[PDB]
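Shown next as structure tokens: one chain only, the form deposited in one PDB entry.
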């Protein structure tokens, strides 16, 4: 079903953990919730499920106001963050519990429990009680319980957090295959940036009770609305450099680099509400920084940290007149020493620019992938 939240507010006394949240999740839409730890991702899910009350505002599921409806009558299933498995019942019994409450046949139950358990690699653990399982196994049971139930609305609170990287990819596809088979609404919380990009039709970013930005995966990566979103999507984080406006054209802004040489550069970015002389913040991603060989803007400094990841190498560079280190990603293993001199190119069309209040000057460079 469709799930729509209008002016939803949640308060624990004077502490307001959800403020004026407005969301419109249409039927069959896969929506990923991301945000900093303790921003209110579960609180939202719990209000949707009916496990937490709403202070003010309205919630609609299938165009019916659900504020005062008991959890059982919501058509909502949830994969709890704490798993919340029935510790007195086995894996099989946990996954078959919802069907036993209905007048479901034993063979009907067994057919669709074994099927779901075999895709989660739980076929050998069917008789086990939750105490006799690992943390990643308990989590697969929690998912398996909700998968069997096949609700109108799927809620998954960080459902892969405790799995190995290889199994995490195997589960991602099986979840994605389900959504394409059933065409049902799925609201999915994750901290894994890869999950979010691969699974979502639409991503919601939260920041301490508020929705920061809603958009397509690439739409948030390429075009963040503000400084917060820009630093949250994509990991490693975006580099930020304090710059000064020197000149404006309608479709570009010229900024001065904080270095003693005060190098000037034009960026394809809106000049709307941008005054000459004002202090902006320049954003560039570690992936986007170029090798110095051929580059018009050169940033040189002293290497502070080298992280060897195998497939790539991350270099952290201390550049004078900027307090924060610059992070850069080279493909393959590149032999660099700590303390060595390193230079990187800075591409103008791939730069983001943010005002003093934090809002982004809309990037006007048409980046491939965004329709």
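Residue numbers count along the first chain shown, from 1. Heads up, when I say rigid core I mean the largest set of C-alphas that superpose within 1.5 Å between the two forms.
Unshown form deposited in another entry; subsequent notes refer to it.
Core-superposed comparison between the shown form and the other one: among 100, 272, 262, 237, the single residue whose C-alpha moves by 2 Å or more is 100. For residue 152, the Cα coordinates differ by under 2 angstroms between the shown form and the other one after the core has been superposed. Comparing the forms between the shown form and the other one, the C-alpha position of residue 221 differs by less than 2 angstroms, with the core used for superposition. A displacement of 2 angstroms or greater separates the C-alpha positions of residue 81 between the shown form and the other one, with the rigid core held in common.
The pair residue 102 and residue 156 approaches in that other deposited form: their C-alpha atoms are at least 3 Å nearer to each other than in the form depicted.
Note: residue 101-residue 152 Cα separation is 3 Å or more shorter in that other deposited form than here.
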